[PDB]
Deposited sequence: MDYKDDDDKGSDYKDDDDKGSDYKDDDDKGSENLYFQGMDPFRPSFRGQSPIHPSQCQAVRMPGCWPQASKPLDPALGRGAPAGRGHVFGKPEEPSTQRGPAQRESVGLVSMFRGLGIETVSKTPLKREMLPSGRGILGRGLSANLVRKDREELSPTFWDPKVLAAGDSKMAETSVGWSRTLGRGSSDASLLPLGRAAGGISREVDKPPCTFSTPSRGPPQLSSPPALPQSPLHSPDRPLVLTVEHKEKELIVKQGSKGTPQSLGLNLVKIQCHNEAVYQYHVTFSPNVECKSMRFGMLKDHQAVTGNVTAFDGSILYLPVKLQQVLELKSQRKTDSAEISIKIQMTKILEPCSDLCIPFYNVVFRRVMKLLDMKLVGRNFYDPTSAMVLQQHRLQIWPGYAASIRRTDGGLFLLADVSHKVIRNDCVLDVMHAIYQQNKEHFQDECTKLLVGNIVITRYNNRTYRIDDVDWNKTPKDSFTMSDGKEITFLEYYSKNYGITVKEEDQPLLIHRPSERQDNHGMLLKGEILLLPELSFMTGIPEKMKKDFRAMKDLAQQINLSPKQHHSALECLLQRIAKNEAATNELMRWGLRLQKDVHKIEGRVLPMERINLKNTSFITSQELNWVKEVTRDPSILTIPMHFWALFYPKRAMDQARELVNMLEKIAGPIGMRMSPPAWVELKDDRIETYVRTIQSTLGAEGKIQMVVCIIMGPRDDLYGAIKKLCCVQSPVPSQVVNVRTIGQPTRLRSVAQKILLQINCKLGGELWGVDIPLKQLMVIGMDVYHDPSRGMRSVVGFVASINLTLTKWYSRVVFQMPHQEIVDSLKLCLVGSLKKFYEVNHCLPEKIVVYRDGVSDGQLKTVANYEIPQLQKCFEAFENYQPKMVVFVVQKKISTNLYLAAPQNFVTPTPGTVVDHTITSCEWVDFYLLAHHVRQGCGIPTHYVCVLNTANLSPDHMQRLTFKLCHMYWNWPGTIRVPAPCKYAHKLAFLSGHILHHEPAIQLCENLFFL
């Protein structure tokens, strides 16, 4: 029912391939064993002896067995267990009749596609499929790139589709044992610890079997000559096992072993690193070269899928593998109809302007005043000694730009930071703040990529001494040409932090509160995870109430999301004299699995918070946002495939069949191809029309005040993510309650 008729139509070409199911039925049977056979493998072989009687075409789970052929008769087959050596009754009885395209059929269809892809000589490294023989060697940075595919049979609304996405995995050419040689040759005191720090948390490939292992430990005491228990019953040396298996000369007796988590031990000689180096990430040149090599234009992606389909077609064995279940792949990718929604109006106080086909307001915001500019009169700039001149320019230009935007700015209070030391930074900032209680902004210039400084400054400002904080690396202000635009963006950010407003969009709905949540899982999960919450407190969706709840093992996060929601509703009651008639919740940071958890556990409890307020039953609309989706769509131009224009919504033929969902591309894509964002509505009590939901979701993407343009997800979710990141990864602490009313996290 999601289909709507707003927006101009367009023809798109997805990275999906339809599968024509040519078989009438796939049946389901249950299996019983008279002497109860606990072992799964033995039951598997037992069914294999009579596989001819049931049929060569089988897919077995242990007690549920799917056959294309109809074994309609409930049958008992006599089998034998070698140890018990007695007759066993395999009783097969049909339990269900299913369509070829049913949901349970999708798993073993995916398994059959696994088999097909294997018969295409493709290597299953991880979940995806890769070909080592097609590797793309890099001679400069010691990198290998493996072309491959990540493919899956799925059932969308239209039917069964093979979603295939091209993927490049970066393997490192040189051995881990060569890295051990490097660290040992460095012969520095106590860098075995640095070697351990490098190895931990980075996945390492075994090329001998093309399997990834996550590094868990390094054993300096253990050696390849050390003993490990075997299935044979005798503990044996790793030398013996590996030499018997492969016979490769283990170069070093001295080399340690990498422990996985019995326990598994790997030689650094026969293991190789995965993932690009962090130094490579910092380097612009290497990253951009690798991106040019990896980045695939829409035409190249379509060509890759066409090549894969042709390769499947030519190999007879793969076609026979798919055909038995009754599946055949069509020759070309699907083509669907999707509509582009009308462009929106951005209303500033003096003027309103319509975005024009680039989806950037950047030039217009600076020229004209914003809605609310909070004057700056008492603020402090803390600057290093060596950077004075650069700092000087920052204020001077900041005055010249300030007029157009509506800010009235006075000269700053200068604080000279005597040296680079962290303790001096903190003490001087605290001294200036204690001396004057009217300091509105703490602006600090930090030198170099000194994140240790930034952490201390933000921790002092956000928690210990509540004051809005702004940090400006000297690198950005140093460049002479770019000073005007940089100053403008800094000035807008200062406007947001002081409590002002930049721009807005016309909101169709009436008495609305757009709650938006996200979760920050730390890179090392062991550390506390965070959930950020941002809710509008004024009707025009320009003022926000931001609160963060930290993950606690003892209490579930719903219990405190309740209190956050109650506080936001009370803030709405006070500021606007009336509670929201409609509350639209955009939930993000939900993996694929927990859509049933959020829909049936979190949301029903979140509604009970309304019980505290007397006889108040607002209308709740809940969306679950996924940005990690694999689907890629392109504009099927008359000429060829082209990058899609902003605002394209697909509500048919790729949406799920148990929810009301849509795929929206709002950001303007400069590079590669456009990857939609998937919105799934788990609760709609408001009976809000599909077109209303799509229009609201598109509108909210225009509100992100850090970027003058449309963004990937609704602004509440991105604000919640910013809050979660700042609270969890930098502060490691809950921010001060007083600062929450403004936008300090930007």
Gaps in the model (deposited sequence, numbered from 1): 1-252, 514-526
